[PDB]
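One chain comes next, on its own, written out as structure tokens in the form solved without uridine-5'-diphosphate-glucose (UPG).
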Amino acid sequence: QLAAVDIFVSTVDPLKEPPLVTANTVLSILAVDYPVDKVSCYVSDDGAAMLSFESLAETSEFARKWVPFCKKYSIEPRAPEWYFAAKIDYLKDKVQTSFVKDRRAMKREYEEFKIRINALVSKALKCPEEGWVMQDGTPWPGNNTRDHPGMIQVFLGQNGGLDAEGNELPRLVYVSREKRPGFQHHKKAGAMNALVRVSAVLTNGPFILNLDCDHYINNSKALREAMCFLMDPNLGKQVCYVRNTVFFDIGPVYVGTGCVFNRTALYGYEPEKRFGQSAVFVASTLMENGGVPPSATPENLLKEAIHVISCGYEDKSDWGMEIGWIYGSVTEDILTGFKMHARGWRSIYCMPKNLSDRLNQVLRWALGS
């Protein structure tokens, strides 16, 4: 049995971070070998760059061609750029199947895409003094970076999309938490706690996979292998595979990029409570390993996802808390990453890319610092 997983990807600024690079990571996630209803992709853009938003839409719309291709022909790796970069052997077969026409078109599709992405960054460069207007005419809610409402936009999923062969793709969620002058947002950490919460009130996945914007999934079967190793008992703490895999087993430990951990361990309990004032959030707290209560209404939980990235949602709220993701006080100490606990039985599956001290350093690389 495979449980749903929510994969995280955070963004700060598209001109420091090439959309095309992060776009490749998102297409490797949308193409993963895993039930579409049990993988959800949440992309935070803490800058609120219209450019991030638009590139994310172009990517979502290219993914409708790309995912079925990757899935018909067992393409690996699931990121176009590196794939169309790898060597292929034309000499192997004596006859031309449809892969020839199909691969030649998909590559032409990919260059079309890069060009269209390039054109978006070309237009993001000259900044109009009167703010950003979207392609459809509508003004961008994010012209002021420190003053804008919370934004949530779903792509593909069960209500949009449909790849060209008529099947539905993983949900793709642009999130951008609220910014109002006067609220410390905890930049990268605040994005991530908020992102833990918004993904809880929507697709409440029992497992979470934060990925850096450039950490594309190399093996499309990563979550299948993850899942069948994440759920069974044995002894011994860390094991190693053949960059490569790790997978732990059996105080607090802090985990970051590129690791598949269970959601409940962020919460302190084993599924009064101050996770904030959202009872929908605390519902998903006490629910099963994951899942969203069927007693919940699409309009009411969009109402709450907006609520749970609002400004001041974390006020006195015990976030950056003794659990979850934590921050080190003014002038930024380094005390970061997610947090789990005595854990009872828990394990974690990561795919990275003195005696005790030298071992403590590598068992930190495997958790993405």
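For every residue, the number given is its place in the sequence shown, counted from 1. If you superpose the two forms and keep the largest set of C-alpha atoms that fall within 1.5 Å, you have the rigid core.
The protein also exists as the form solved in complex with uridine-5'-diphosphate-glucose (UPG); that form is not presented, and the subsequent description refers to it.
Shown here without its ligand, the chain is overlaid with uridine-5'-diphosphate-glucose (UPG) as it sits in the entry with it bound; no ligand atom lies within 2.4 Å of a backbone or C-beta atom, and the site is open. In summary, among the residues 208, 223, 255, 191, the only one with a non-hydrogen atom within 4.5 Å of uridine-5'-diphosphate-glucose (UPG) in the entry with it bound is 191.
In the entry with it bound, residue 25 stays away from uridine-5'-diphosphate-glucose (UPG), with no heavy atom inside 4.5 Å.
A residue is said to contact a partner when one of its heavy atoms sits within 4.5 Å of a partner heavy atom; residue 314 fails this definition for uridine-5'-diphosphate-glucose (UPG) in the entry with it bound, lying far away. When contacts are judged by a 4.5 Å heavy atom cut-off, residue 185 counts as touching uridine-5'-diphosphate-glucose (UPG) in the entry with it bound. Contact check for residue 347: every heavy atom lies farther than 4.5 Å from uridine-5'-diphosphate-glucose (UPG) in the entry with it bound. Of the candidates 122, 159, 74, 297, the Cα that moves 2 angstroms or more after core superposition between this form and the one not shown belongs to 297 alone. With the core held fixed, the Cα of residue 94 is displaced between this form and the one not shown by 2 Å or more. Once both forms are fitted on their core, a CA shift of 2 Å or more is seen for residue 336 between this form and the one not shown. Once you line up the core between this form and the one not shown, the Cα of residue 347 ends up 2 Å or more from where it was. Compared with the form shown here, the Cα atoms of residue 334 and residue 265 sit 3 Å or more closer together in the entry with it bound.
Distance between the C-alpha atoms of residue 176 and residue 335: shorter in the entry with it bound than here (change of 3 Å or more).
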